[PDB]
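A.B. asks: Okay, handing you the structure first.
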Amino acid sequence: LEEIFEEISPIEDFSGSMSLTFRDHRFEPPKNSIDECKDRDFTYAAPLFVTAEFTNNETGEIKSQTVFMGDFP
Amino acid sequence: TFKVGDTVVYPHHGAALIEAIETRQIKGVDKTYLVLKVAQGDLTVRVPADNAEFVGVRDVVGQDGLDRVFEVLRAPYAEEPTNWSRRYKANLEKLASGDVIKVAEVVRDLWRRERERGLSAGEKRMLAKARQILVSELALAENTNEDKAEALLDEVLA
Amino acid sequence: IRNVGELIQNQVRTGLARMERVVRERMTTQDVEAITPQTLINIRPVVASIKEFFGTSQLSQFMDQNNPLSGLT
Amino acid sequence: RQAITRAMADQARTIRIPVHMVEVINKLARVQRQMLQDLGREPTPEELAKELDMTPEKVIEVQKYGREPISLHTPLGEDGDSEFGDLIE
């Protein structure tokens, strides 16, 4: 997952102004146990976070934030 | 102009606190970056001091701010165009301007419009966002508690 | 052989490419100083791609539990 | 934009939906997506009902009306001849 997050390079617009970078990915323990998922018709998954920072060159402004990318099975 | 431990108002995010001064080098130039954060979105903002005035940062206004925003909040004879599209295009521009007087006028007129008939559910999102950023701006200006900040405005907007 | 890791990685890559197209379309019609990492990216393509992989696919197969030998096979 | 979204309301769906119901359902979809990306979880229909100022029964009726038909000719799997339309009486 770190390979596929680093594959998405910080992209640039037509003016080459913005950039966003997914530095680190991390996992939390699943909210439902395996027997809970089996019994109650759920999908055994854990939340997947990534630390995305938004950097603008013209303003010199960096916005580092953690965004929830989905329940990875 | 900017020190450590002080509170600074950043546009579209409200009041924020500065942690430390960063000396990251870009192309061999030691820019004087400063890092700040809010408690709303859990994000860190790094701004150099040279272009801080250009990006639109602004300090804490003292006793000269609450009285002027109250008197423009109590100012009568405010009118809007009959077509809702022109007012809709004007209000987000006034929000993006970042002026405290402008956002106070926008929230006062919008609240009056919601009181008289009731506008919609879509505009509730932006009224809520504007009230949140305005109460965050006034909360750290008077150094009052956030519940006290939202309570004190309840008896003055009528 | 594309193992389970490579297959799920390819599906996540397709989802992230769709997300990159969506965020490009978003930033082409958005003003600066109003962009937040929580806003311009959408995790819907990634979760949609993952869920479309784990169901209705020729690779993610309903496991047969006739006996332990069938499970291992 | 007005004509394109009007024709999308009146022509894209096989079971035609009026334009006011189309804007209601897509507004509900976009606010549900916003709550999903904010809270990080699927929002409960009751919270959606309060934030949309509508009754929960109206909310579940809107979610019911926001569907898409599935074709009768979708194959089940390895066999091409056994169709989805031949499994229903």
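Going through the structure tokens in order, the chains are called A, B, and so on, while each chain numbers its residues from 1 and the ligands are numbered from 1 in the order shown.
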Find the residues of chain A in contact range of chain C, meaning any atom within 7 Å when counting only C-alpha atoms, and list them as a PyMOL selection string.

C.D. replies: chain A and resi 4+52+54+65+67+69-70

A.B. asks: Could those selected residues go to a file with C-alpha atoms, as a tab-separated table (two decimals), in the first residue's frame?

C.D. replies:
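Below is the file that was written, again_26.tsv:
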```tsv
chain	number	residue	atom	x	y	z
A	4	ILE	CA	0.76	2.32	-4.47
A	52	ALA	CA	-2.21	13.65	2.93
A	54	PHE	CA	-1.59	19.86	0.44
A	65	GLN	CA	-4.18	16.19	7.22
A	67	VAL	CA	-8.04	11.34	5.52
A	69	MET	CA	-9.64	6.11	2.68
A	70	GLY	CA	-12.22	3.40	3.38
```

A.B. asks: Could you please tell me, as a compact mmCIF listing (two decimals) with N, CA and C atoms, in the first residue's frame, which residues of chain D have an atom within 9 Å of chain C when using only C-alpha atoms?

C.D. replies:
```txt
# COMPACT_ATOMS: atom_id res chain seq x y z
N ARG D 33 -23.22 11.61 1.04
CA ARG D 33 -21.80 11.46 0.76
C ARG D 33 -20.96 12.41 1.60
N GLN D 34 -21.43 13.64 1.80
CA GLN D 34 -20.72 14.59 2.65
C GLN D 34 -20.64 14.10 4.09
N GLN D 37 -18.07 11.20 4.24
CA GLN D 37 -16.68 11.63 4.24
C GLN D 37 -16.32 12.46 5.47
N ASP D 38 -17.31 13.05 6.15
CA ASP D 38 -17.01 13.76 7.39
C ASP D 38 -16.89 12.79 8.57
N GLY D 77 -23.07 -16.64 -14.92
CA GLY D 77 -21.72 -17.12 -14.70
C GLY D 77 -21.10 -17.80 -15.89
```

A.B. asks: Using only C-alpha atoms, I'd like a table of the residues in chain B that come within 12 Å of chain C; for each, show the closest atom pair and its distance in Å rounded to one decimal, ordered by chain and ascending number, as a tab-separated table.

C.D. replies:
```
residue	atom	partner	partner_atom	distance
B:10	CA	C:33	CA	10.3
B:11	CA	C:33	CA	8.0
B:12	CA	C:34	CA	6.9
B:13	CA	C:34	CA	9.6
B:40	CA	C:38	CA	11.8
B:41	CA	C:38	CA	8.3
B:42	CA	C:38	CA	10.2
B:43	CA	C:37	CA	9.1
B:44	CA	C:36	CA	11.3
B:45	CA	C:36	CA	11.1
B:54	CA	C:33	CA	11.7
B:55	CA	C:33	CA	8.3
B:56	CA	C:33	CA	9.5
B:57	CA	C:33	CA	11.5
B:92	CA	C:34	CA	11.0
B:93	CA	C:31	CA	11.2
B:95	CA	C:34	CA	10.7
B:96	CA	C:34	CA	8.1
B:97	CA	C:33	CA	10.6
B:98	CA	C:33	CA	10.9
```

A.B. asks: For chain A against chain D, which residues fall within 12 Å using only C-alpha atoms, given as a list in words?

C.D. replies: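 So the contacting residues turn out to be residues 31, 46, 47, 48, 49, 66, 67, 68, 69, 70 and 71 of chain A.
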
A.B. asks: Please produce an output containing N, CA, C and O atoms for each residue in the selection, written as a compact mmCIF listing (two decimals), in the first residue's frame.

C.D. replies:
```txt
# COMPACT_ATOMS: atom_id res chain seq x y z
N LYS A 31 -13.69 -2.67 14.02
CA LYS A 31 -14.73 -2.40 14.99
C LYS A 31 -15.63 -3.61 15.24
O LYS A 31 -16.37 -3.61 16.23
N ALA A 46 -10.99 -3.32 8.19
CA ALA A 46 -10.42 -2.34 9.10
C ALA A 46 -10.31 -1.00 8.39
O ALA A 46 -10.09 -0.95 7.18
N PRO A 47 -10.49 0.11 9.11
CA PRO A 47 -10.35 1.43 8.48
C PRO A 47 -8.93 1.67 8.01
O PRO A 47 -7.96 1.25 8.65
N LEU A 48 -8.80 2.36 6.88
CA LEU A 48 -7.49 2.68 6.30
C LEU A 48 -7.35 4.19 6.23
O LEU A 48 -8.12 4.86 5.53
N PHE A 49 -6.37 4.73 6.94
CA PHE A 49 -6.06 6.15 6.94
C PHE A 49 -4.80 6.40 6.13
O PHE A 49 -3.97 5.50 5.95
N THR A 66 -5.08 14.06 7.89
CA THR A 66 -5.31 12.62 7.86
C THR A 66 -6.71 12.37 7.30
O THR A 66 -7.70 12.85 7.86
N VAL A 67 -6.79 11.60 6.22
CA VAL A 67 -8.04 11.34 5.52
C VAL A 67 -8.31 9.84 5.54
O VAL A 67 -7.41 9.02 5.33
N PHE A 68 -9.56 9.48 5.82
CA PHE A 68 -10.00 8.09 5.91
C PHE A 68 -10.32 7.58 4.52
O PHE A 68 -11.25 8.07 3.87
N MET A 69 -9.56 6.58 4.06
CA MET A 69 -9.64 6.11 2.68
C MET A 69 -10.60 4.94 2.49
O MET A 69 -10.73 4.45 1.36
N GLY A 70 -11.27 4.48 3.54
CA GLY A 70 -12.22 3.40 3.38
C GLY A 70 -11.96 2.21 4.27
O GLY A 70 -10.89 2.08 4.87
N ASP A 71 -12.95 1.33 4.37
CA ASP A 71 -12.82 0.10 5.15
C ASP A 71 -12.17 -0.96 4.27
O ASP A 71 -12.84 -1.62 3.47
```

A.B. asks: Which of these residues is nearest to residue 100 (chain B), using only C-alpha atoms: B:85, B:136, B:120, B:1?

C.D. replies: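 For residue 100 (chain B), the nearest of the given residues is B:136.
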